[PDB]
Amino acid sequence: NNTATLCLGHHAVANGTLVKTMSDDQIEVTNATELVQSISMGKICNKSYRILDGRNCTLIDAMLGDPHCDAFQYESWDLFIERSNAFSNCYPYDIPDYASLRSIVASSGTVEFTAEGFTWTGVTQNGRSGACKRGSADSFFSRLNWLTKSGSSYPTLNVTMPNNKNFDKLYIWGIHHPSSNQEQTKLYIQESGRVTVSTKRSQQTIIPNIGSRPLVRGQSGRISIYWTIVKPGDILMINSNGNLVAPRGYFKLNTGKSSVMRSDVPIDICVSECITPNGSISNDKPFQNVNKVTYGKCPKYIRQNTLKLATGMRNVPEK
Amino acid sequence: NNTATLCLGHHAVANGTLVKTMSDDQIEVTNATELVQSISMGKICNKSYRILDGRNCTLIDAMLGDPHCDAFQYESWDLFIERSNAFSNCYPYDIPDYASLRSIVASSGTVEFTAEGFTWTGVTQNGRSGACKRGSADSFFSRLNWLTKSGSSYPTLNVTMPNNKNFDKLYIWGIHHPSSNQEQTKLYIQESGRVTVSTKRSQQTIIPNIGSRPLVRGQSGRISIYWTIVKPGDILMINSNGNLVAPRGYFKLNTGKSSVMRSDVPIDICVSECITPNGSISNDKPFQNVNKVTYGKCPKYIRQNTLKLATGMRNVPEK
Amino acid sequence: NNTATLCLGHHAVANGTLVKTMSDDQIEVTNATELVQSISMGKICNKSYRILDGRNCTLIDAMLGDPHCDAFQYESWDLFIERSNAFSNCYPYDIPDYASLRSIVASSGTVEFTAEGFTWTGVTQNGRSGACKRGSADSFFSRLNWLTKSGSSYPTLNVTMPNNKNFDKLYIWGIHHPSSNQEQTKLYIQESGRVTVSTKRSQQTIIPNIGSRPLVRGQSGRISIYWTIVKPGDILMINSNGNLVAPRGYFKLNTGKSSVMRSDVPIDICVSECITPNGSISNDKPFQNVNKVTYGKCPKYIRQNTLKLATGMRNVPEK
Amino acid sequence: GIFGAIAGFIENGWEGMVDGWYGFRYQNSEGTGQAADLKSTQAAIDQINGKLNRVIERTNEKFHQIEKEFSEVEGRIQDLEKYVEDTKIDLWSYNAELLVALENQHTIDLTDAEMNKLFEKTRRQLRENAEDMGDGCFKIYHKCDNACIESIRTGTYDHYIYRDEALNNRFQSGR
Amino acid sequence: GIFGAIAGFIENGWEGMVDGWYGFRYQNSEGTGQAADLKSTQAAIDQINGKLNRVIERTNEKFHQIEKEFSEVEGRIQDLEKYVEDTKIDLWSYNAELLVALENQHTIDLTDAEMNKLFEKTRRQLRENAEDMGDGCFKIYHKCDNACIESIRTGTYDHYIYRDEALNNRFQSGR
Amino acid sequence: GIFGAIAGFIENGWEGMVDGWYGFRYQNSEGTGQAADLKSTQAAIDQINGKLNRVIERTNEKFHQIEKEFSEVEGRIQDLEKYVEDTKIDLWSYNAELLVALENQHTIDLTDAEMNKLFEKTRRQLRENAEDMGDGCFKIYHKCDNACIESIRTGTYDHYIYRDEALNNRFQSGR
Ligand SMILES: *[C@@H]1O[C@H](CO)[C@@H](O[C@@H]2O[C@H](CO)[C@@H](O[C@@H]3O[C@H](CO[C@H]4O[C@H](CO)[C@@H](O)[C@H](O)[C@@H]4O)[C@@H](O)[C@H](O[C@H]4O[C@H](CO)[C@@H](O)[C@H](O)[C@@H]4O)[C@@H]3O)[C@H](O)[C@H]2NC(C)=O)[C@H](O)[C@H]1NC(C)=O
Ligand SMILES: *[C@@H]1O[C@H](CO)[C@@H](O[C@@H]2O[C@H](CO)[C@@H](O[C@@H]3O[C@H](CO[C@H]4O[C@H](CO)[C@@H](O)[C@H](O)[C@@H]4O)[C@@H](O)[C@H](O[C@H]4O[C@H](CO)[C@@H](O)[C@H](O)[C@@H]4O)[C@@H]3O)[C@H](O)[C@H]2NC(C)=O)[C@H](O)[C@H]1NC(C)=O
Ligand SMILES: *[C@@H]1O[C@H](CO)[C@@H](O[C@@H]2O[C@H](CO)[C@@H](O[C@@H]3O[C@H](CO[C@H]4O[C@H](CO)[C@@H](O)[C@H](O)[C@@H]4O)[C@@H](O)[C@H](O[C@H]4O[C@H](CO)[C@@H](O)[C@H](O)[C@@H]4O)[C@@H]3O)[C@H](O)[C@H]2NC(C)=O)[C@H](O)[C@H]1NC(C)=O
Ligand SMILES: CC(=O)N[C@@H]1[C@@H](O[C@H]2O[C@@H](C)[C@@H](O)[C@@H](O)[C@@H]2O)[C@H](O[C@@H]2O[C@H](CO)[C@H](O)[C@H](O[C@]3(C(=O)O)C[C@H](O)[C@@H](NC(C)=O)[C@H]([C@H](O)[C@H](O)CO)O3)[C@H]2O)[C@@H](CO)O[C@H]1O
Ligand SMILES: CC(=O)N[C@@H]1[C@@H](O[C@H]2O[C@@H](C)[C@@H](O)[C@@H](O)[C@@H]2O)[C@H](O[C@@H]2O[C@H](CO)[C@H](O)[C@H](O[C@]3(C(=O)O)C[C@H](O)[C@@H](NC(C)=O)[C@H]([C@H](O)[C@H](O)CO)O3)[C@H]2O)[C@@H](CO)O[C@H]1O
Ligand SMILES: CC(=O)N[C@@H]1[C@@H](O[C@H]2O[C@@H](C)[C@@H](O)[C@@H](O)[C@@H]2O)[C@H](O[C@@H]2O[C@H](CO)[C@H](O)[C@H](O[C@]3(C(=O)O)C[C@H](O)[C@@H](NC(C)=O)[C@H]([C@H](O)[C@H](O)CO)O3)[C@H]2O)[C@@H](CO)O[C@H]1O
Ligand SMILES: *[C@@H]1O[C@H](CO)[C@@H](O[C@@H]2O[C@H](CO)[C@@H](O[C@@H]3O[C@H](CO)[C@@H](O)[C@H](O)[C@@H]3O)[C@H](O)[C@H]2NC(C)=O)[C@H](O)[C@H]1NC(C)=O
Ligand SMILES: *[C@@H]1O[C@H](CO)[C@@H](O[C@@H]2O[C@H](CO)[C@@H](O[C@@H]3O[C@H](CO)[C@@H](O)[C@H](O)[C@@H]3O)[C@H](O)[C@H]2NC(C)=O)[C@H](O)[C@H]1NC(C)=O
Ligand SMILES: *[C@@H]1O[C@H](CO)[C@@H](O[C@@H]2O[C@H](CO)[C@@H](O[C@@H]3O[C@H](CO)[C@@H](O)[C@H](O)[C@@H]3O)[C@H](O)[C@H]2NC(C)=O)[C@H](O)[C@H]1NC(C)=O
Ligand SMILES: *[C@@H]1O[C@H](CO)[C@@H](O[C@@H]2O[C@H](CO)[C@@H](O)[C@H](O)[C@H]2NC(C)=O)[C@H](O)[C@H]1NC(C)=O
Ligand SMILES: *[C@@H]1O[C@H](CO)[C@@H](O[C@@H]2O[C@H](CO)[C@@H](O)[C@H](O)[C@H]2NC(C)=O)[C@H](O)[C@H]1NC(C)=O
Ligand SMILES: *[C@@H]1O[C@H](CO)[C@@H](O)[C@H](O)[C@H]1NC(C)=O
Ligand SMILES: *[C@@H]1O[C@H](CO)[C@@H](O)[C@H](O)[C@H]1NC(C)=O
Ligand SMILES: *[C@@H]1O[C@H](CO)[C@@H](O)[C@H](O)[C@H]1NC(C)=O
């Protein structure tokens, strides 16, 4: 005609997708994005964090110095992976407050050891055991020194070691529980032993406990493991008349981004910034449904496996 | 006239009600709904969960086997109610880390006991006490065996019991603290006793502690109670030269929806899906102000006693 | 002309300010308000809460009765400030579960002591030490009584003290660890001592532990501190054949608004209702970035140092 | 309301409408009548129904937990248990307060929208054949019986039919 | 703004209005003048005042808590204490960020609404006696002195009075 | 939508617009054509892009924490560790659900706004020279070639130029 008509509109697409609003359970829009990461990578990426595969070793074992853990001797990590085939292979023990020690060491992020010159006067050092074979010879945890009677004497040990460095030292020590009074007196003159590890500000006395326990690698005796933090300027002191499993030096204690994770998933050559037991996961979404156990730069864990965020107007197809 | 007038409107009601928006503190709408449950039912509904009324008994007592708790012997529950008249009536005791044991047993949801054939060679079993009357005769906790000297001997007990089932066993045992060296030697030859309960992976030695405590039901002695979890394939081992209060078997440990609640409110014949100390409460609202202690399918507990959700347009009455 | 034109508008200002919306990262409005308190006052206001400056004393020390803490003897507080120059000056000790005792006393909000008439028959009382000088004479913690051998005897102490008041009593006691068997027998006849503090419902036996520790103010011995809550109607009982550091009475235990805070910032004459280690802070904003450690009526702590709330329309300047 | 319809240009509500949420009243050659508009009423109701179920998860089973009441004074651990719970309660309490304000605000606004949406729909149908009276009323410049009114309500109204007539009644004026 | 009034069809703000938030400027037979519209200004301000107090509880007393700084390395328990606090802070931090965005968005939108609401109110008063110029201005087709303008502002304006005259000035045209 | 434009007065979307989000189709003396309107498209997109980054903090490094899986049955402490985590997860889960609903609602509404804003902009340009057809179409009462249409799109359209002509074609009528 000799007059015009002008119409306004908006676009639509062929492949619309449903989202949820305050007003509707499901409503179609032109485009939506997933906000929840639910696919893992199936493997832990060796980059960008420093990953140490524990293999057959637990973290506690690698630091104590179980013979099959000797390879970890010099190691530090961002994240230490604890596998499930993981087992122990040295003298049987137990750590009262195990998890705490596990946590302290994990966040320290190293099993690196600095030997110190302790003097144990009039006692035989380096007690070894058939339960703890290095190669195929009797041995013991490498970071512990098993002291017994020399000749016919075990005199009151009274050894001292001041902290002159400007950091906290972590000392790991222990006590040995023999299986019979017969064994006790044999290895440690006195009928009843004890250990009093002390500083200027704390102290801990541990008494051994005679008796048979179930056989573990041929042995019915046991060892209990304890720790002590010595502050700069402070001073360590070990007093014992029997049963002491002595430290060989200290662990440097670090404040750091370090940790430990239980995982059976393999380690592979890729890059990523977030790790779960299920593997490394992608970083870009705000939420995540893979695992509540996470390390690194991770999206927040939530219960839902899917959440759609509208990134376009409402989709109204021809009709 | 010969022309029309057409008006648009919306409805109003006589009984409007005030709500809160982002823009107004109070504003009248056509209808509102309460979002907070603040009325309880005054009673605990015997359905739908399985409720066990502890009556005079605590949960710990029912499992240990206090004589007035004998009725609970065979019981399992979804929720065990602990009343306040609740009291003890057997030998005086204490459980170091009581709450933990209470929690472990509560979530297990049973006090059902499987007896095992333990052998205590050369000691008299079934030690009873005037403080723990079954009917009107001296007795003791039914799940514990109080061992004393036989003749003139209490030899080192060395008893074993492997876990061959495919679940964790829970073993409850104890030690007896006598009131005088006079009493100690009388019931247990040796001047100083001990108990070393052990598995392949853990161990606990407890030494008795001589001395007078305040009289409870005529007795000044005491008992301390301990537990031990034995894993499948693992093995229990009890080593004692005096003072051992022996287990009679195991408790099967369950993963379950079970729990315990402190309440004085009566139990009645009704139906509901959420329980608080104040009684069962209704399920349908999202929030709840009755009690922060809840069990079951419950609305979330909040501080406010009222919250109104508008379910109609703004109400504008004639004017 | 002979016809009019009427225009509608809104105001603008010269000094607009940027805010964040759902739709824009930065957008200018006519006025905005800060929602996060990030400036502290630099000092703790002596009003409105009751503040006690610990000065050279820790909270634990003031209650135990360290001689340089004698001034706190009669004190109660809303908030007790623990400084960092703070040091100890009495006999060397340690409290197993220190933090808990610190917390219990802090929330009680008093170190006020009620002496009781305990009878320690056939032992010398008031044992003093060169490490704990009152004025310039040997002394000891004022709330503890150090008992030793009288003549050639230390008989089994068996002292009792019922709670006849209608509140819980808190009793603080301890045990002494000597440095050598030589010292032990000298001060406490028996070779091995013990303490069994008990009520009708709980009990705790502590054995001393012989041995040398590092010198603190000339002394190598130590003291370990324990507590006991005695309920109304219940009864305290102390049984000891050596090494007991006896209580002199009780602390009244309060439910209250009281607490303790580590701060080095000075106390000054002002008014405020919220306190942080950095000083008192202002109350009026909803959020706060000064410190996560707060006491009183405080805004919630968040990570961001700034948050702007629009309090005017969008600002559109001439153009 | 953001749209100025409800409690604004529309003076007030009709208690006489026991019939629907939105509608019409009309005066014509056959008298005066009233009819509720269902689509509008439905659009609102649909948005308001199940409103809360689009944010709050259908309430969830929860069994054994932590203890939240205590007989003994313990310190450190009990301190933590009390704080964990206290934190949880305070955070949910915020959530609930904010949720109510958000939803109510939304509700108010969507109902004002539906009113406006319907007025606008009607205005657009009528074209220059009518007049916005300002109180949500249209002066219609032609004889409009019940079948005529009913057609505006169904959305079948044809203004080209009435254009000529409307113009006459409209442009009678001028001095 | 959702309404396209502020920073849209209304070109910009008036710094000259030290008087109110919304208003009029007019040119007539008596000259040019300016008047702030109080009801609009009040409606906005009322919504913006005490805004935050409709979501955030009046700040609450809190006394003894958990410890949040540590001298010693302890492990398990300290691990938990640090995580409880860290969780609490991160969750409140979210709350505060979202709250600000929500409120500001709402504020922006309600102020744009009030502007539009007022323009619309005025347009409706005038009827076919006027012309929407497009920049939030009305061409009024008749002699309109200050008493005339003032009446539009009070909401007392009567267009039936000016209809005839308006029509004349309007329909002078056609070629 | 609150504005009734998208999925309301505008019947439906144009799949043929591979060009922009909002625009025009026109029929004139030169034939029929289609042009996307960039400012509208841009205003929407700008609001939708980086939407979530205005609420959610750029994701943060987190290292050693608490344990969340357990081999042994321990009671009290493990009870607390499990509850702390469970609480954390449930609270974030709420946050995420509410956030999505809020954002989507906002998105829907701002896109409906931009459509309406553009229709309104165009209507205001045309004045009495045109007619609101009701389906988001304008009947233009004068010969309007592509340069004419293009001018309406640029915002340079002058109605005083076409007034006389429009009136003629408009007021041809009356019987
Ligand atoms: C308290 O009570 C406990 C349990 O009754 C005692 O502990 C047991 O002590 C006996 C020895 O006195 C142990 O017997 C030994 O068992 C070893 C382990 O066997 C396991 O593994 C092998 C595979 O290599 C399997 O056969 C089997 O599945 C077992 O699980 C054996 O290797 C030893 O074998 C040697 O002895 C035999 C028989 O005399 C010889 O012919 C062989 O050549 C070989 O040299 C041995 O038989 C028993 O295992 C211990 N049990 C536990 C649970 O520890 C304590 O001794 C007791 N304490 C006291 C009395 O103070
Ligand atoms: C360490 O020190 C404590 C406290 O001094 C001693 O423990 C007390 O020991 C005496 C006995 O030596 C106890 O006396 C007995 O008390 C019983 C409980 O009485 C309570 O209940 C009754 C109601 O039945 C009430 O009368 C009263 O309110 C009490 O609370 C009595 O039942 C006993 O009565 C018998 O003795 C009397 C008097 O000789 C006879 O005439 C009667 O016939 C009857 O048979 C008895 O008197 C006292 O209760 C203990 N106190 C506590 C707190 O335990 C330890 O003995 C001591 N340790 C040592 C020395 O090693
Ligand atoms: C187990 O092993 C430990 C460590 O080897 C022993 O503990 C040490 O015991 C000796 C004494 O046997 C202590 O020696 C004494 O040290 C005191 C502290 O000195 C500190 O402070 C002063 C400032 O006043 C500084 O000089 C210095 O920096 C020190 O840090 C001295 O004050 C004593 O001085 C007295 O003795 C000297 C020398 O004989 C006299 O000439 C003086 O006049 C004065 O009276 C004294 O020398 C030593 O400090 C202890 N060390 C620790 C770490 O405790 C245990 O004895 C041992 N246990 C056994 C054997 O059972
Ligand atoms: C059938 C028989 O009696 N054989 C003798 C054998 O008996 C024991 O075999 C061992 C493997 C155990 O299972 C035990 O239960 C059997 O009865 C003797 O073997 C030694 O037995 C002693 C004490 O009974 C120890 O068990 C010892 O173990 C070592 C070890 O760790 O391997 C030797 C270490 O050098 C020693 N380390 C020290 C002193 O530092 C330790 C340590 O003393 C204990 O572990 C502490 O708990 O013990 C077995 O080698 C042998 C030798 O006497 O004779 C067989 O005829
Ligand atoms: C006035 C007087 O001396 N009477 C004698 C009485 O003294 C005690 O009375 C009892 C009720 C206590 O309050 C006690 O403090 C009084 O001195 C004697 O009663 C026994 O006393 C002994 C030791 O002093 C025990 O208290 C014993 O208790 C039993 C019990 O539990 O009831 C008997 C049990 O069979 C026994 N169980 C065993 C061995 O397995 C226990 C157990 O030995 C202890 O509880 C362990 O701590 O003790 C009282 O019956 C009687 C009998 O000797 O003589 C009165 O003249
Ligand atoms: C060089 C030398 O041997 N000097 C003798 C001195 O030896 C000790 O000096 C003191 C300061 C210590 O550092 C010690 O290690 C030195 O060897 C003697 O000093 C006493 O030594 C004894 C035991 O060795 C105690 O250390 C005692 O300390 C007191 C104290 O606390 O000050 C005296 C108190 O009155 C006493 N309190 C009581 C009994 O209630 C305490 C208490 O017995 C212990 O602290 C418990 O652990 O000890 C020193 O005064 C003196 C005196 O014998 O002779 C010097 O020649
Ligand atoms: C509708 O939205 C979806 C998802 O929101 C669009 O896909 C996504 O688009 C983003 C933004 O450009 C992509 O980011 C890009 O990633 C690549 C490689 O990683 C990079 O080279 C670019 O510079 C940019 O950062 C993102 O990859 C992609 N999302 C997914 C899950 O694949 C989609 O294209 C949009 N659809 C339409 C029709 O507009
Ligand atoms: C305005 O809203 C209120 C509350 O939102 C209305 O009362 C409620 O209406 C609901 C929805 O129908 C009722 O649910 C019903 O419950 C019964 C029995 O439990 C069941 O048989 C039905 O099938 C349905 O599920 C609910 O009971 C009721 N709420 C309360 C607290 O009683 C009210 O009727 C509405 N008012 C108006 C004027 O519309
Ligand atoms: C724009 O808003 C800002 C901040 O929102 C305005 O400053 C603030 O105004 C409030 C409300 O009146 C002030 O409260 C007053 O405090 C004084 C003394 O404390 C008291 O005497 C009054 O009765 C009233 O409660 C508040 O002090 C003030 N905020 C700050 C941080 O100083 C500002 O004036 C507004 N600007 C414009 C141009 O409207
Ligand atoms: C709870 O305990 C009390 C006993 O202490 C029981 O009630 C008593 O019944 C006995 C007779 O059997 C009498 O001594 C009294 O008449 C009752 N005492 C009181 C205080 O009322 C009650 O039966 C016990 N409940 C159960 C389930 O055993
Ligand atoms: C806190 O402790 C120090 C003592 O260690 C006190 O300040 C000292 O005062 C004494 C004299 O009384 C002198 O040794 C020094 O002049 C001061 N020492 C220092 C390091 O400045 C101080 O008085 C104590 N505070 C209280 C409240 O007792
Ligand atoms: C991740 O591993 C857990 C066990 O740690 C397992 O239960 C779960 O199925 C895995 N999740 C995914 C998403 O693969
Ligand atoms: C529920 O019981 C508690 C004690 O557990 C009591 O303080 C409270 O008043 C009760 N609440 C209601 C709503 O009845
Ligand atoms: C407050 O004190 C802490 C140490 O407790 C310090 O790290 C921080 O810088 C201070 N904060 C402010 C805002 O001054």
# chains A, B, ... in the order shown; residues from 1 in each chain; ligands from 1
call {"tool": "interface_residues", "arguments": {"of": "chain C", "to": "chain B", "cutoff": "10 Å", "atoms": "only C-alpha atoms", "output": "ChimeraX atom specification"}}
result
/C:156-158,160,194-207,234-241
call {"tool": "write_last_selection", "arguments": {"atoms": "N, CA, C and O atoms", "output": "JSON list (two decimals), in the first residue's frame"}}
result
[["chain", "number", "residue", "atom", "x", "y", "z"],
["C", 156, "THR", "N", 47.84, -42.41, 105.38],
["C", 156, "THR", "CA", 46.82, -42.28, 104.35],
["C", 156, "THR", "C", 45.88, -41.17, 104.80],
["C", 156, "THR", "O", 45.27, -41.25, 105.87],
["C", 157, "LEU", "N", 45.82, -40.11, 104.00],
["C", 157, "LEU", "CA", 44.89, -39.04, 104.26],
["C", 157, "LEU", "C", 43.55, -39.52, 103.77],
["C", 157, "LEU", "O", 43.45, -40.18, 102.73],
["C", 158, "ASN", "N", 42.52, -39.23, 104.55],
["C", 158, "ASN", "CA", 41.17, -39.59, 104.18],
["C", 158, "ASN", "C", 40.24, -38.50, 104.68],
["C", 158, "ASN", "O", 39.62, -38.62, 105.74],
["C", 160, "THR", "N", 37.14, -35.52, 104.04],
["C", 160, "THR", "CA", 35.85, -35.43, 103.40],
["C", 160, "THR", "C", 35.30, -34.00, 103.50],
["C", 160, "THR", "O", 35.61, -33.28, 104.44],
["C", 194, "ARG", "N", 50.14, -41.33, 95.72],
["C", 194, "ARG", "CA", 48.96, -41.24, 94.85],
["C", 194, "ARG", "C", 47.88, -40.32, 95.44],
["C", 194, "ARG", "O", 47.87, -40.04, 96.64],
["C", 195, "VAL", "N", 46.96, -39.87, 94.57],
["C", 195, "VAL", "CA", 45.82, -39.05, 94.97],
["C", 195, "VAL", "C", 44.56, -39.58, 94.31],
["C", 195, "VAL", "O", 44.51, -39.71, 93.09],
["C", 196, "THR", "N", 43.54, -39.91, 95.12],
["C", 196, "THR", "CA", 42.23, -40.32, 94.60],
["C", 196, "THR", "C", 41.14, -39.37, 95.08],
["C", 196, "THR", "O", 40.54, -39.56, 96.16],
["C", 197, "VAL", "N", 40.90, -38.35, 94.27],
["C", 197, "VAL", "CA", 39.81, -37.41, 94.48],
["C", 197, "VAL", "C", 38.56, -37.98, 93.84],
["C", 197, "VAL", "O", 38.56, -38.39, 92.68],
["C", 198, "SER", "N", 37.48, -38.01, 94.61],
["C", 198, "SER", "CA", 36.29, -38.75, 94.23],
["C", 198, "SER", "C", 35.04, -38.07, 94.74],
["C", 198, "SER", "O", 35.07, -37.35, 95.74],
["C", 199, "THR", "N", 33.94, -38.30, 94.03],
["C", 199, "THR", "CA", 32.61, -37.99, 94.54],
["C", 199, "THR", "C", 31.77, -39.25, 94.42],
["C", 199, "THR", "O", 32.31, -40.33, 94.22],
["C", 200, "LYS", "N", 30.45, -39.11, 94.55],
["C", 200, "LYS", "CA", 29.55, -40.24, 94.39],
["C", 200, "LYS", "C", 29.44, -40.68, 92.94],
["C", 200, "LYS", "O", 29.04, -41.80, 92.66],
["C", 201, "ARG", "N", 29.81, -39.79, 92.02],
["C", 201, "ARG", "CA", 29.55, -40.02, 90.61],
["C", 201, "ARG", "C", 30.80, -40.03, 89.73],
["C", 201, "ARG", "O", 30.80, -40.65, 88.67],
["C", 202, "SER", "N", 31.85, -39.35, 90.16],
["C", 202, "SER", "CA", 33.13, -39.45, 89.45],
["C", 202, "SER", "C", 34.30, -39.75, 90.39],
["C", 202, "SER", "O", 34.14, -39.81, 91.61],
["C", 203, "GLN", "N", 35.48, -39.93, 89.80],
["C", 203, "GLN", "CA", 36.72, -40.21, 90.52],
["C", 203, "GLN", "C", 37.91, -39.99, 89.60],
["C", 203, "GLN", "O", 37.79, -40.13, 88.38],
["C", 204, "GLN", "N", 39.06, -39.66, 90.17],
["C", 204, "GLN", "CA", 40.30, -39.50, 89.41],
["C", 204, "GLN", "C", 41.48, -39.86, 90.30],
["C", 204, "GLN", "O", 41.69, -39.22, 91.33],
["C", 205, "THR", "N", 42.25, -40.88, 89.92],
["C", 205, "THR", "CA", 43.50, -41.17, 90.62],
["C", 205, "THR", "C", 44.70, -40.73, 89.78],
["C", 205, "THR", "O", 44.78, -41.04, 88.60],
["C", 206, "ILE", "N", 45.60, -39.98, 90.41],
["C", 206, "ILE", "CA", 46.81, -39.51, 89.75],
["C", 206, "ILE", "C", 48.04, -40.01, 90.51],
["C", 206, "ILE", "O", 48.15, -39.85, 91.73],
["C", 207, "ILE", "N", 48.96, -40.63, 89.78],
["C", 207, "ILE", "CA", 50.20, -41.13, 90.34],
["C", 207, "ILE", "C", 51.31, -40.15, 89.98],
["C", 207, "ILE", "O", 51.38, -39.69, 88.83],
["C", 234, "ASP", "N", 25.97, -33.77, 96.65],
["C", 234, "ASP", "CA", 27.12, -34.66, 96.51],
["C", 234, "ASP", "C", 28.19, -34.34, 97.58],
["C", 234, "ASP", "O", 27.95, -33.52, 98.47],
["C", 235, "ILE", "N", 29.35, -34.98, 97.49],
["C", 235, "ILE", "CA", 30.39, -34.88, 98.52],
["C", 235, "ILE", "C", 31.80, -35.15, 97.96],
["C", 235, "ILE", "O", 32.01, -36.13, 97.25],
["C", 236, "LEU", "N", 32.74, -34.26, 98.26],
["C", 236, "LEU", "CA", 34.13, -34.42, 97.85],
["C", 236, "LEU", "C", 34.86, -35.39, 98.78],
["C", 236, "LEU", "O", 34.52, -35.47, 99.97],
["C", 237, "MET", "N", 35.83, -36.12, 98.25],
["C", 237, "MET", "CA", 36.65, -37.02, 99.08],
["C", 237, "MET", "C", 38.05, -37.19, 98.52],
["C", 237, "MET", "O", 38.23, -37.62, 97.38],
["C", 238, "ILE", "N", 39.04, -36.87, 99.34],
["C", 238, "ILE", "CA", 40.44, -36.91, 98.93],
["C", 238, "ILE", "C", 41.18, -37.99, 99.69],
["C", 238, "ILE", "O", 41.25, -37.96, 100.92],
["C", 239, "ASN", "N", 41.74, -38.94, 98.95],
["C", 239, "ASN", "CA", 42.47, -40.05, 99.53],
["C", 239, "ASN", "C", 43.91, -40.02, 99.01],
["C", 239, "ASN", "O", 44.13, -40.08, 97.80],
["C", 240, "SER", "N", 44.87, -39.91, 99.91],
["C", 240, "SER", "CA", 46.27, -39.78, 99.51],
["C", 240, "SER", "C", 47.26, -40.34, 100.52],
["C", 240, "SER", "O", 47.14, -40.11, 101.72],
["C", 241, "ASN", "N", 48.24, -41.07, 100.00],
["C", 241, "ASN", "CA", 49.32, -41.61, 100.82],
["C", 241, "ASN", "C", 50.66, -40.95, 100.47],
["C", 241, "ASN", "O", 51.72, -41.39, 100.92]]
call {"tool": "residues_near_ligand", "arguments": {"ligand": "ligand 8", "cutoff": "6 Å", "atoms": "only C-alpha atoms and all ligand atoms", "output": "VMD selection string"}}
result
chain B and resid 31 to 33
call {"tool": "select_by_dssp", "arguments": {"residues": "range 28-260 of chain A", "states": "strand (DSSP E or B)", "output": "PyMOL selection string"}}
result
chain A and resi 28-29+32-34+36-37+44-47+51-53+76+79-82+93-94+110+113-115+123-124+129-134+137-139+144-146+148-150+153+157-162+169-177+194-198+203-206+216+219+222-230+235-242+244-247+249-252+259-260
call {"tool": "residues_near_ligand", "arguments": {"ligand": "ligand 10", "cutoff": "8 Å", "atoms": "only C-alpha atoms and all ligand atoms", "output": "VMD selection string"}}
result
chain B and resid 55 to 56 68 85 to 86
call {"tool": "write_last_selection", "arguments": {"atoms": "C-alpha atoms", "output": "PDB file, in the first residue's frame"}}
result
ATOM      1  CA  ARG B  55      11.513 -45.537  82.028  1.00  0.00           C
ATOM      2  CA  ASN B  56      13.704 -45.849  85.162  1.00  0.00           C
ATOM      3  CA  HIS B  68      16.149 -53.127  87.175  1.00  0.00           C
ATOM      4  CA  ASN B  85      13.679 -40.056  87.236  1.00  0.00           C
ATOM      5  CA  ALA B  86      16.168 -42.421  85.584  1.00  0.00           C
TER       6      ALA B  86
END
